[PDB]
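Asker: Show me how the following folds:
(chains A, B, C, D, E, F, G, H and I, ligands or ions: 13)
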Amino acid sequence: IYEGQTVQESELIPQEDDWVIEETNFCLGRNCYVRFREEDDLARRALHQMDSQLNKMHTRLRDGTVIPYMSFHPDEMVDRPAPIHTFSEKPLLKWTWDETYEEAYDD
Amino acid sequence: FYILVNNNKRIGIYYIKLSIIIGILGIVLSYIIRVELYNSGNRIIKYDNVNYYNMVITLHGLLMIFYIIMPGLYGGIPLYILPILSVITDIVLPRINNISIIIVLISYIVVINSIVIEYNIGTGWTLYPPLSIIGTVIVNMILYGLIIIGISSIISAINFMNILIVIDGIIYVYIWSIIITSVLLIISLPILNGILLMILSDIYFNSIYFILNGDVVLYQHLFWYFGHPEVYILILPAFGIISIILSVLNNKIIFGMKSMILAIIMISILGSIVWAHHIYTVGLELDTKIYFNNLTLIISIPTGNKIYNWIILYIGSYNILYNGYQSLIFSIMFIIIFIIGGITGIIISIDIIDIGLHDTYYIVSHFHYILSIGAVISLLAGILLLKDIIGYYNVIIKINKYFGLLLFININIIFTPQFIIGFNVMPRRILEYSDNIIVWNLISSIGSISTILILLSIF
Amino acid sequence: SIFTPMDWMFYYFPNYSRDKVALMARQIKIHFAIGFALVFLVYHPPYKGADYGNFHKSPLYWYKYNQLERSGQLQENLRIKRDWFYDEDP
Amino acid sequence: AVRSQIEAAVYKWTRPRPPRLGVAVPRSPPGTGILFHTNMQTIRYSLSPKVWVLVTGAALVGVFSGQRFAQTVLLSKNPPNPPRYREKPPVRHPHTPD
Amino acid sequence: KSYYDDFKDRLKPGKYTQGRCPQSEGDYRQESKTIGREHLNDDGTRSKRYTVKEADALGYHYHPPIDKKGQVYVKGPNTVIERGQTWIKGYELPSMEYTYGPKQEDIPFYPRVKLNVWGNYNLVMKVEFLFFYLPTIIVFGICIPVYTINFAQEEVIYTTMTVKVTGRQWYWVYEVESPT
Amino acid sequence: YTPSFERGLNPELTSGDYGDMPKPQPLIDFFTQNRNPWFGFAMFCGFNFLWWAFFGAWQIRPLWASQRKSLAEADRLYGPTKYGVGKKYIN
Amino acid sequence: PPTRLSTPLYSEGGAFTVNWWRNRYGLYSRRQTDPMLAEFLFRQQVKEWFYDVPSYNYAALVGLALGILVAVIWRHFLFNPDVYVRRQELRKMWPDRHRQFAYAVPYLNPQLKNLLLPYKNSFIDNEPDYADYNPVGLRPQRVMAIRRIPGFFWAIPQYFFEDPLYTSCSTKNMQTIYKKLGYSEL
Amino acid sequence: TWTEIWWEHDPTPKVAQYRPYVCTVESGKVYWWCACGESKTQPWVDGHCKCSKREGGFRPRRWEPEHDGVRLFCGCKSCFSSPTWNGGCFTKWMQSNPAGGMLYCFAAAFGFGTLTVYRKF
Amino acid sequence: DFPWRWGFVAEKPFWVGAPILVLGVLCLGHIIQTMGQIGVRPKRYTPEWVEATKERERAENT
Ligand SMILES: CCCCCCCCCCCCCCCCCC(=O)OC[C@H](COP(=O)([O-])OCC(O)COP(=O)([O-])OC[C@@H](COC(=O)CCCCCCCCCCCCCCCCC)OC(=O)CCCCCCCCCCCCCCCCC)OC(=O)CCCCCCCCCCCCCCCCC
Ligand SMILES: CCCCCCCCCCCCCCCCCC(=O)OC[C@H](COP(=O)([O-])OCC(O)COP(=O)([O-])OC[C@@H](COC(=O)CCCCCCCCCCCCCCCCC)OC(=O)CCCCCCCCCCCCCCCCC)OC(=O)CCCCCCCCCCCCCCCCC
Ligand SMILES: CCCCCCCCCCCCCCCCCC(=O)OC[C@H](COP(=O)([O-])OCC(O)COP(=O)([O-])OC[C@@H](COC(=O)CCCCCCCCCCCCCCCCC)OC(=O)CCCCCCCCCCCCCCCCC)OC(=O)CCCCCCCCCCCCCCCCC
Ligand SMILES: CCCCCCCCCCCCCCCCCC(=O)OC[C@H](COP(=O)([O-])OCC(O)COP(=O)([O-])OC[C@@H](COC(=O)CCCCCCCCCCCCCCCCC)OC(=O)CCCCCCCCCCCCCCCCC)OC(=O)CCCCCCCCCCCCCCCCC
Ligand code: HEA
Ligand code: HEA
Ligand SMILES: CCCCCCCC/C=C\CCCCCCCC(=O)OC[C@H](COP(=O)(O)OCCN)OC(=O)CCCCCCC/C=C/CCCCCCCC
Ligand SMILES: CCCCCCCC/C=C\CCCCCCCC(=O)O[C@H](COC(=O)CCCCCCC/C=C/CCCCCCCC)COP(=O)(O)OCCN
Ligand SMILES: [O-][O-]
Ligand SMILES: [Cu+2]
Ligand SMILES: [K+]
Ligand SMILES: [Zn+2]
Ligand SMILES: [Zn+2]
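Answerer: Residues are numbered from 1 along each chain as shown, chains lettered A, B, ... in the order given. Ligands and ions are numbered 1, 2, ... in the order given. The relevant structure is shown in the block below.
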């Protein structure tokens, strides 16, 4: 069964005595029904909807990396509402292994 | 275009839309029944027109199963998200997907047209001969609908099985539920078609299979060989939805994924070899009855494992997250309701207990708790979970605690008394009844009128 | 194995359970034989099991039986309490 | 007075010992204090095994002791059934044709 | 505070029911004559000519997008060169106030936390074992009673009287042996 | 209804300046919801539905008094003889 | 479960083994396009399914259910008098089917029926032995059991000698009561 | 007991009260709950406790009611549903005084057993 | 963003409105079905018929 990543004792040693877990808010903000503008026509309302996607949002950490919106299933990865053609580029399921080949490295 | 569209997501919406439309007729038929059963004596159906009541119950059962719940759970949600849950773009067989929904509509039009034009008589949704083969042409029309519906079901099953070839990700629990349901259809539908043809042969080709020296019990075996897998075909997609909702809304990985998958597989294998618990009262051999009774109880073992795995999904979830969302409430309500329906199923699995409870309203309440509450609520829960993806609006259902509470209270009022009535005893498929069963029937009737009013509040 | 958590099987019998695929097959085969044996060895055999004079009396049976036998309860329990239908009306 | 003595005795005996972890985790570096905050998702407060048993055991005694209390005080035993006497049945069934 | 008051101005109450004037006052069914809007109706919806009567998927207005070199227009990233390195600045979505309306302030705090997972593999395996075999034990407890009651129904009995019952539409016929 | 100020088990921890923040109250207020008459009406309401769900509607009994009496007489005069406490029940 | 492809997987000989499974797993697979990728996906499936402890519980259940299923099917054909496969007896009128009638009595007296019928007194309260006696002789005479059915029958005492009213409700006592009145023979 | 014996890196509160604080709250207003148990305006942060000063990992807990009414607020500072009360105050008390917990649980169980047995019997 | 009916209902506390709605819906259902049988007086529910059933039960020891 999965019980999280394994941690070694040395990995828990801080480089400063004042380090504490970062208090970054992972609440993306306050939302409601997407509110369109009467002036926007069909094309521009589509742009408005595409700019309100929660799955395009993320939280930036203190080192510049971002933790994105993540889901257990790919149903939450398409634009909401679902467009006619969703996965133009095949989603990549990344597996990890310890195998390696010499061609990838250079000395 | 609107009819020429092959997009699977559009077709998924059409399945949901069509099920709601047909649902109104099913609800009307259901409402006619409880109004009549309010008290002894005719209320809205003349004594000289008792044949109409038999048609109402026959259509209520048929429409709700084949035209409402099955398209909703096996045609609607799966066609929308299944290709998305898989990493593929669209359904494998786009043109077949289009014709399947059109076939469902045409069969519906044939059925309702038969109500208007043919004489109205009924033989139950199970169409037991010889009663089914001595009836009028409305029975012929209903057979055409079922056969036509069978074509759509099988081709849709073929469509989902092809996902195994093209799936570019992991087979999630939900995908397994649809795949195994397709397998059940592939193995059970051809048997149904064969026996239905024999019914047509007697009705229309002067066949003598269902007269003396021809065993009428032959029909019951072949029909229920498809009949029970059908109820498991209805519920298995509901199980898949519950697994997704509970995991997603609690931010918890599905526990025992492989146990869940194997439970679904086990249920299908067992569900294909226990059909004769519908035939306890016909006088089967002693050893035959013991076998089916023993194997029927075994179905609870895999079904129980899924229940417990669901419970641990909800346990321990973060308190800060708001738990009043309608989708979450419905998913939790399903566990509570399904346990009631399943436990009563185990009670009526014991054949000696079943002798008293066969063809009584206890059996009605048994399958209503599972289907009318559980399956509907699972279908509602799935649609609510996908509200943003689907994009429908103009309803107040996402956060509506009144609707959930009122629905739960009132549906329980309809069907809890029917358990009590079963021991009293009141037979099924009956219009009049003795005066001393009025109190319980009256309470359920008040429950039925109340539920219909609640539906108007969502808009 | 019967009624056995397989984690125990993995731990205490590593060599036997080294091939998991083969282990799964034995699990199916073993339980298939049990089901087959029950029908033809427990249910089927004709003209057997009617020796009602040989009811098994476990040690718990005798402990309770002797306890009541020592007192009068056993005699009182076995006594027929009523053998007439109508009571006499005074 | 006696309550205080028994209360102290149970309190001392029930103080939990460090758990025997059933999971593989590292040892926290020496001198590491509080690193998280109170806005973290709340972790349920669970009783220690000894306290849970004592409290749970008391409830079991309570519920069954209450059951015996009701059966012996609140409820009553059936008196012997009334004597059965030979009675005259009705002369005719009310629907017998005349 | 009331967050609705922040974006009250954007929401001007409507005039017509369902957002359209009567067709007599303005014909929203006709295609727009504005240049570059030939595929839209006056009210902004797509025209039937564009989507149905002359749909491109049916062979109307054939215009292959790809060019001779097998290329299509692609918009490049926002590149910046600094500190001896070429960087790409990602596109950040606009403030949720612009798209949704509420002012993004006083947001409740929800911290980062990793997945809630059940631990103690040894304990968990026993729980899974119980989930399977506790129902199995219950089934076994029922099995023996089931066999017994089934045998009771079919027991051979020394009956001395026979009553034959025939069901007919819609009445019952009873045949009994008349005494001699 | 100008509820009272409940200092609590440790009065020192309620001894500060609350400003506009609400001050703790007696527990009876929670059960009455500050004597909201509609909570009390919705309360009287709660007991009625519960009563109907477990025992039936006993608000119809005043109208059923006369017809219940006739049923009681019929059982006593013509129904099967009851014994002991059984006389208390009429079907 | 090894995590490096260099470490081999132990396999036994036979028709259901690791080697046997590897040969057939990728027959219909479009994803196992080279040795490295094929082995990785093969071990991924084996790890996920065969190293899952709870999965073995379902393996036991399918075996038991199928074993019963095959036995009942086979028993009907072999022993059930009403089931015909040969045609010799079906070409004669009913009174002449002597060979088929040979199955009747032995098929009427399976072992389990004899064992469990005496336990009817765990269900019936009055006259549990009403049908015990039958002079015809097609079946053995039944004798009521002395202990309750194991399991969920806590309603009745563990042994029937503990019940003060058990003997009074026997068919013999009731027959005595009604005979004394001339009410009935049984 | 998570803070007491399992994990030593989360802030550990002081119990202000082993009973909830009843307070009237208004919809559309935000309240701040003391998570350290040292505020003098319980169950709210007073501006001088650890939560107000952001000291030792203690921070105020934001809370907002959906509807107006009277709500119960945690005084033990460890209820799972904090700031709201769900009975954790009694549970945490039993951990501190297990002998007392037995008396209450026995009494509560005794009442439940009598009523349930009396009605069914 | 909601019509008047929902704005009115959603403003009240859930446990104030909810019990009232449950009772109200049930009462309306009973009233609606009682409309079609105002003044209907079957003879089998009269006192005379009730007594006759008691006589039958005594004779049949029901
Ligand atoms: C060798 C011998 C040779 C012999 C030779 C002899 C030859 C004989 C020929 C025999 C064959 C004849 C037929 C040929 C068909 C050709 C098809 C073709 O190529 O069409 C291209 C052609 C393209 O059209 P076009 O010329 O480009 O113009 C289209 C428009 O411009 C705009 O394009 P569009 O496609 O968007 O527009 C179409 C659509 C656009 O309009 C809409 O869609 C309206 C907006 C939607 C509103 C909401 C509807 C409800 C929700 C439904 C959800 C499920 C939808 C499922 C998918 C659609 C299914 C139809 O409107 C319709 O067509 C009607 C839509 C009906 C929807 C029905 C939904 C369920 C209704 C439930 C009823 C409940 C009451 C029960 C009682 C009544 C029962 C009938 O197809 C169409 O678009 C039209 C199809 C029309 C034929 C439909 C026939 C249906 C028959 C039903 C059975 C009736 C029998 C019983 C009667 C009972 C009466 C009571
Ligand atoms: C039969 C009497 C009928 C009376 C009429 C009906 C009156 C209305 C009652 C409405 C109650 C609603 C309660 C809230 C929903 C429950 C959710 C929940 O549990 O989560 C809360 C909470 C979860 O955290 P949260 O986030 O704060 O809550 C989320 C809400 O779901 C968020 O939901 P929200 O946004 O809607 O906010 C709701 C909020 C605001 O809630 C309210 O506004 C409700 C305030 C309490 C009102 C209670 C009035 C009781 C009146 C009884 C009258 C008796 C006499 C009748 C006539 C008899 C004639 C013979 O709730 C709270 O603040 C939670 C408070 C904890 C639950 C308290 C429930 C029990 C109250 C006491 C009942 C006493 C019955 C005695 C019966 C005696 C019969 C002879 O913690 C719990 O789960 C609480 C655990 C349970 C504690 C209470 C234990 C039961 C009380 C003692 C036994 C009483 C029976 C004795 C029988 C003796 C027979 C001889
Ligand atoms: C004495 C006699 C001795 C006789 C000896 C005979 C020896 C025969 C040797 C047979 C060896 C088979 C070798 C091939 C293995 C399968 C490989 C495979 O399919 O490759 C994928 C391949 C696609 O290639 P791919 O790109 O590698 O796929 C990537 C994955 O999609 C991406 O997925 P992923 O990577 O996330 O996961 C990988 C894997 C994930 O799944 C697995 O790895 C599953 C592994 C277990 C499979 C079962 C093995 C057998 C277990 C023991 C059972 C013993 C019973 C004993 C009873 C005895 C009674 C007497 O995915 C799949 O396997 C997908 C296909 C699953 C199809 C399942 C269809 C339902 C069958 C029931 C399920 C099995 C239940 C077993 C029992 C459970 C209770 C204990 O699939 C296809 O080509 C799809 C074709 C679809 C055709 C459908 C229409 C067929 C006609 C239907 C007729 C009616 C059927 C009725 C069925 C009733 C069921 C209850
Ligand atoms: C001292 C009190 C009394 C003790 C009695 C002891 C009895 C022996 C038990 C063993 C000893 C227990 C000692 C525990 C010591 C504490 C250990 C510990 O760790 O403590 C801290 C620990 C956790 O502390 P924490 O983490 O700080 O959080 C504390 C919080 O308060 C959070 O607490 P929580 O989350 O643990 O809350 C528990 C809550 C959680 O529960 C839920 O969340 C439930 C959610 C789903 C609700 C579903 C409602 C029902 C749906 C019905 C469907 C049909 C609808 C029809 C509608 C019609 C139209 C209106 O549980 C319940 O509400 C109980 C549900 C029980 C099943 C209900 C169904 C009964 C059916 C019976 C058969 C019916 C046959 C009918 C025949 C005909 C008529 C007679 O707390 C506990 O352990 C509390 C345990 C208290 C449980 C008391 C439950 C009593 C229920 C009695 C039911 C009576 C039924 C009568 C009828 C019977 C007919 C045959
Ligand atoms: C979705 C629909 C659905 C579902 C899931 C089920 C599921 C089950 N059904 Fe049901 N059934 C119907 C729909 C359904 N049924 C219908 C429509 C009829 C009537 C048809 C007609 O006559 O017209 C019917 C009829 C029916 C009959 C009577 C047939 C007759 O004689 O007329 C029986 C008898 O045993 C039965 C049994 C079962 C059992 C044992 C299950 C099991 O799957 C239930 C298992 C679930 C549980 C047991 C609860 C969960 C498990 C636990 C909580 C732990 C383990 C529990 C135990 C070990 C007891 N069903
Ligand atoms: C899915 C199947 C289904 C559903 C939903 C229902 C729903 C209901 N049924 Fe049932 N019913 C059957 C299937 C179903 N039924 C079957 C198969 C029989 C046996 C037929 C026979 O006797 O031959 C039967 C029999 C049956 C009888 C017995 C008839 C007789 O023997 O005389 C009665 C009597 O009251 C009854 C009542 C009801 C009521 C009051 C509702 C509902 O009103 C309960 C509450 C539901 C609502 C208020 C509507 C909710 C909305 C939907 C269900 C649609 C949702 C659609 C989408 C989400 C797309 N049903
Ligand atoms: C269905 C009838 C078809 C007739 C076909 C005729 C050709 C015969 C050859 C092909 C069919 C195989 C049967 C051959 C039988 C040969 C011996 C024979 O005559 O047996 C007769 C005998 C009974 O005949 P009677 O004596 O009249 O009846 C006595 C009381 N019952 O028949 C049998 O017992 C055998 C019939 C069944 C054979 C098939 C196997 C049975 C078990 C099936 C189990 C199915 C579940 C799954 C199994 C999984 C296995 C991995
Ligand atoms: C090249 C591919 C060929 C595939 C062919 C497949 C053929 C089978 C297809 C399914 C149909 C099965 C045949 C129907 C069996 C009906 C038997 C029946 O009804 O008999 C019962 C008795 O039957 C039983 O005892 C029940 C046994 C259950 C039979 C089930 C057979 C089919 C099971 C299919 C399940 C799905 C596949 C599972 C595969 C393995 C899963 C691990 C009636 O008994 P009584 O009326 O009392 O009469 C007795 C004497 N007068
Ligand atoms: O059918 O259950
Ligand atoms: Cu079934
Ligand atoms: K009626
Ligand atoms: Zn503080
Ligand atoms: Zn608290």
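Asker: Please count neighbours and contacts with C-alpha atoms only from this point.
Answerer: Will do.
Asker: Most proximal residue of chain I with respect to ligand 12?
Answerer: Per C-alpha to the ion, the residue of chain I with the smallest distance to ligand 12 is residue I:13, at 29.4 Å.
Asker: so who does that residue touch?
Answerer: With contact taken as C-alpha atoms under 8 Å, 6 or more residues apart in numbering or on different chains, residue I:13 is in contact with H:67-69.
Asker: Am I right that residue H:9 sits in a strand?
Answerer: No: per DSSP: H, G, I helix; E, B strand; the rest coil, residue H:9 lies outside any strand segment and is coil.
Asker: which non-adjacent residue is nearest it?
Answerer: If the residues on either side of it in the chain are set aside, residue H:9 comes closest to residue D:34, at 4.2 Å by C-alpha to C-alpha, 6 or more residues apart in numbering or on different chains.
Asker: State the helix or strand in which the residue positioned nearest the centre of chain G lies.
Answerer: Residue closest to the average C-alpha location in chain G (C-alpha atoms, centre = their mean): residue G:68, at 6.0 Å. Residue G:68 belongs to helix G:55-79 when elements are defined using DSSP states H and E.
Asker: Identify each buried residue in the following helix or strand past that helix, please.
Answerer: The first helix or strand that comes after helix G:55-79 along the chain, using DSSP H and E, is helix G:98-101. Within helix G:98-101, the residues that qualify as buried are residue G:100, counting by 16 or more other C-alpha atoms under 10 Å in any protein chain shown.
Asker: Could you report the neighbour count for the residue nearest to residue B:282 when sequence neighbours are not counted?
Answerer: Distances taken as C-alpha to C-alpha, 6+ apart place residue B:217 nearest to residue B:282, at 7.8 Å, with adjacent residues excluded. The burial metric for residue B:217, expressed as a neighbour count using other C-alpha atoms under 10 Å in any protein chain shown, is 16.
Asker: Same question for residue H:121.
Answerer: Count around residue H:121 with other C-alpha under 10 Å applied: 11.
Asker: Now chain A against ligand 3: closest residue?
Answerer: Ligand 3 sits closest to residue A:93 of chain A, with a gap of 11.0 Å, by C-alpha to the nearest ligand atom.
Asker: got the contact list for residue E:25?
Answerer: Listed by C-alpha under 8 Å, 6+ apart, residue E:25 has no contact partners.
Asker: Distance of residue G:26 relative to residue G:6?
Answerer: The gap separating residue G:26 from residue G:6 is 20 Å, by C-alpha to C-alpha, to the nearest Å.
Asker: Which strands or helices does the strand or helix carrying residue F:45 pack on?
Answerer: For residue F:45, the enclosing helix or strand under DSSP H and E is helix F:37-55. With contacts taken as 3 or more C-alpha pairs under 8 Å, 6 or more residues apart in numbering or on different chains; DSSP states H and E, helix F:37-55 sits against helix I:14-34.
Asker: What residues of the helix it packs on count as buried?
Answerer: Within helix I:14-34, the residues that count as buried by 16+ other C-alpha under 10 Å are I:16-20, I:22, I:25-26, I:29-30, I:33.
Asker: That one and ligand 11 in contact?
Answerer: No: no part of helix I:14-34 sits close enough to ligand 11 to count as contact by C-alpha under 5 Å from the ion; the gap is at least 12.7 Å.
Asker: Give me the angle between that helix and helix F:37-55.
Answerer: Helix I:14-34 and helix F:37-55 meet at an angle of 50 degrees, taking axes from the mean of the first three to the mean of the last three C-alpha atoms, to 10 degrees as the criterion.
Asker: Mind checking what helix or strand follows helix I:14-34 in sequence?
Answerer: Proceeding N to C from helix I:14-34, the next assigned helix or strand is helix I:47-60, under DSSP H and E.
Asker: is that following helix up against chain F anywhere?
Answerer: Yes: remark: helix I:47-60 sits within contact range of chain F at I:47, I:50-51, I:54-59, by C-alpha under 8 Å from any C-alpha of the partner chain.
Asker: Pick out the residue in chain A sitting closest to chain G.
Answerer: residue A:98 (6.8 Å; C-alpha to the nearest C-alpha).
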